[PDB]
Structure formats: C-alpha cells, structure tokens
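**Student:** Input: one structure, supplied below.
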Amino acid sequence: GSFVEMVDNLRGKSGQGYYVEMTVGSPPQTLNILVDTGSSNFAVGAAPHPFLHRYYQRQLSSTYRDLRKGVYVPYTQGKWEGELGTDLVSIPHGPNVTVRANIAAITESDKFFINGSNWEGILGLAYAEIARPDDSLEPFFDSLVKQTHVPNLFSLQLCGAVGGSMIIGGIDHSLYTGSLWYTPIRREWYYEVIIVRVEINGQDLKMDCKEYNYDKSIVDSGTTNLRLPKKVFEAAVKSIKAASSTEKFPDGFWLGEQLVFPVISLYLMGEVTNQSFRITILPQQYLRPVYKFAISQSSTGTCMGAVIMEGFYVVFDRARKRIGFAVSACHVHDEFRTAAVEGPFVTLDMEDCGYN
Ligand SMILES: O=C(CCCS)NC1CCN(Cc2ccccc2)CC1
C-alpha cells in the first residue's frame with residue numbers, strides 16, 4: 001500500500017551506513033540504529049563510549065530483563081562485546097507496535113563505533129543461523145513477526161549521496177519504477193542469492209558462474225562496496241580497465257589504496273527453471289564520492305552492498321523465501337544511462353552456480 005509515515009526514515013553519511021530511529025526500554029530511550037542485512041544481532045551502546053551521542057541505560061528501564069549471559073562478536077575490522085537481555089522495542093517511524101526483543105548491551109568495543117557518526121547501535125535483519133553466540137537467540141525481525149500482525153517482509157530504498165526508507169511489513173509502490181523481479185533466497189542465514197552471469201558494458205566475463213558465488217553471494221546493507229571474489233574481481237577490474245582507456249589512474253586506486261565508464265550487469269537466478277533476470281548499475285553507483293573505486297576483492301564471496309542497493313528498491317520477501325529487485329525511484333541517473341532491472345532471460349544450469 002502506502003506506508004507513507006515510514007518513507008524517508010533512514011539517514012546516514014557516505015560509507016558510514018544507513019540508520020533508522022528506534023526506542024528501547026520503558027520509558028522509551030531513543031537510539032539511532034544501523035540497518036544491517038548482513039548480520040542478525042540487535043546490539044546497542046550501553047556504556048559512555050566517547051564517540052557516542054547516547055547509550056542504552058538499563059537502570060532506567062522498568063521492562064528490562066537480564067538474560068545473565070555474555071556475547072563476544074568479532075568482525076574482520078573490529079569487535080564488540082556485551083551483556084544480553086530483553087526489553088520493549090519500537091520503531092517510531094515504522095509500524096505502531098512494541099515488541100520484546102533480545103538486546104545486546106555493548107559494554108566494550110574496538111573499531112566498531114565511528115568517531116563523528118550519528119548512530120549508537122546495529123540492527124541485524126538476517127536470520128538466526130548467523131546470530132551470535134548461536135542460532136537460539138531470536139533476531140529482532142523474527143520476534144516482530146511472531147509477536148504482532150506485521151507481515152514477514154521488509155523493503156529497502158537506499159539513496160546514494162544520505163537518506164532512504166525501510167518499509168517494515170510491506171512494499172511502498174511509490175519507491176520504484178517498473179516490475180519487481182525476484183531471485184530465490186538460497187538458504188535462510190545471510191540473504192544468500194545466486195549470480196548466474198556478469199556483464200561489463202554488455203560483454204560477458206565468460207567465467208564459470210560457480211566463481212561468481214565463491215562461498216556465497218549476499219545482499220548486505222551493512223557493506224558499502226560491491227565485494228567480488230578475488231578471481232572474479234581480477235577479471236572484472238581488467239574488463240573495467242579495458243573500457244576506461246580514455247583516462248589514466250594509479251595501480252593502487254583499483255586496489256582501494258588511493259583516491260581520484262562501463263555499466264555492470266548481474267544476472268540473478270529467477271523464480272522459474274532456466275529463467276533469469278538482470279540488474280544493471282551505472283558508474284554513479286560504484287564510484288563513491290568521498291571519488292573511490294567502490295568495488296573490492298573478497299574472500300567471503302560476493303557482497304551486494306550499498307553500491308548495488310543504491311540503484312534499486314529491494315524487497316526482502318522472507319515469507320516467500322525470495323528477494324525482489326526494481327529500479328529505485330531515487331537512484332542517481334543522468335540523461336544518458338539509467339539503472340535497470342530486466343527480464344526474462346534464458347539461462348541453463350543456474351543451479352550449478354551455487355558453491356557447495
Ligand atoms: O560479515 C558480513 C558479510 C560478509 C560478506 S561481505 N557482513 C558484516 C555484517 C556486520 N556488519 C557490521 C557493520 C556494518 C557497518 C559498519 C560497521 C560494521 C559489517 C558487515
């Protein structure tokens with residue numbers, strides 16, 4: 001339908017994440033919370049860290065309940081650590097409901113909070129299997145669905161340079177143009193998808209598609225870049241470099257070691273046997289103003305981060321185990337080329353593209 005009061009409920013800074021306003025405890029304690037489809041923990045600052053505008057003060061909340069258990073969460077760059085419990089959570093600019101969700105009260109963290117950022121926590125919207133310490137700690141959205149009449153679905157419109165919309169429990173049709181195209185969620189842990197073909201400026205990379213999903217391919221609102229696996233990255237860069245011989249750039253720039261074009265198509269597995277669709281991004285999407293090359297190599301797989309997500313309206317249709325892509329109404333298009341979602345295409349042996 002409409003969900004007009006949820007539109008434009010996300011803020012941020014370039015490369016610094018997208019956040020929704022949330023309240024915790026009774027009376028409500030307001031916190032800005034990073035929106036992360038690449039993790040499954042709801043975690044907030046609960047101690048006066050210098051970088052924080054505010055923090056969760058448990059002693060002030062009557063509805064707080066201690067779970068008397070600790071949680072240690074190391075990311076690649078840095079870690080956070082906290083004390084588990086539950087409390088009443090709301091999303092002011094979301095649905096009118098209040099849920100008892102697990103909260104990780106961050107007592108200690110290293111390289112997690114950003115000096116100068118305006119957020120105080122993280123909302124992991126992915127599934128239980130990747131929730132820390134283990135799959136028994138129910139992720140926020142799972143509690144929201146179990147406790148209220150909010151449908152098991154949420155959508156994201158991230159708008160490049162910073163704002164956007166998280167539509168909880170539905171789809172706002174104003175936020176996209178044309179048809180939605182759905183790819184199946186491979187397994188419910190990350191939001192894992194299968195990439196079946198990659199074109200740089202409408203030319204196939206001719207690679208084994210099993211390479212494009214090396215380990216995994218996921219939709220990650222918490223990652224800034226498009227993260228391509230090493231083997232795919234090298235072939236992609238060489239091809240992007242080939243199109244861009246009009247200009248000159250240092251060797252380290254493509255490696256993400258310096259600062260300062262072809263469209264990039266990702267063919268994704270469709271709902272139907274031998275059927276695919278493709279999503280297409282403009283240079284506006286992978287050239288991030290600080291300009292930086294917002295495509296980087298990875299060992300964990302393809303991460304369809306903010307670079308990808310900023311061109312498209314993205315439906316996390318958890319109910320139907322699928323993810324929807326449509327042209328975002330807010331993506332950065334010029335007069336020449338426009339970001340696209342196109343289909344159907346004929347693609348055989350798509351099932352073989354998923355690494356095991
Ligand atoms: O581990 C993964 C998926 C690996 C394939 S790329 N995603 C994490 C999930 C946690 N998220 C937290 C975070 C987000 C923004 C700023 C700081 C930290 C960082 C990205």
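Note that the numbers count up from 1, one per residue, in the order the chain is shown.
Every residue gets a Cβ built from N, Cα and C, even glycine.
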**Student:** Of the residues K69, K292, which is given the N6-acetyllysine tag by Swiss-Prot?
**Tutor:** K69
**Student:** Where does Swiss-Prot put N6-acetyllysine, among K210, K321?
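**Tutor:** Out of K210, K321, Swiss-Prot attaches the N6-acetyllysine annotation to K210.
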**Student:** Please work out, from what Swiss-Prot records, which of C330, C353 forms the disulfide with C159.
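**Tutor:** Here Swiss-Prot pairs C159 in a disulfide with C330.
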**Student:** For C209, what is the disulfide-bonded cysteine listed in Swiss-Prot, choosing from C303, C353?
**Tutor:** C353
**Student:** Whole-number Å distance between the CA of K230 (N6-acetyllysine) and the CA of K69 (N6-acetyllysine)?
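**Tutor:** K230 (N6-acetyllysine) to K69 (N6-acetyllysine), Cα-Cα distance: 38 Å.
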**Student:** Tell me the coarse DSSP state (helix, strand, coil) of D36 (active site).
**Tutor:** strand
**Student:** In the three-state scheme derived from DSSP, which category covers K231 (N6-acetyllysine)?
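**Tutor:** It is helical.
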**Student:** Report, as a whole number of Å, the distance between the Cα atoms of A161 and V162, which flank a stretch of 12 unmodelled residues in this deposited structure.
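**Tutor:** Cα to Cα, the distance spanning the unmodelled stretch is 5 Å.
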**Student:** With every protein chain in view, how many other Cβ atoms are within 10 Å of the Cβ of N115 (N-linked glycosylation site)?
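**Tutor:** Within a 10 Å radius of the Cβ of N115 (N-linked glycosylation site) lie 8 other Cβ atoms.
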**Student:** Distance between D36 (active site) and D220 (active site) at the Cα atoms, whole Å?
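**Tutor:** With distance taken Cα to Cα, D220 (active site) is 7 Å from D36 (active site).
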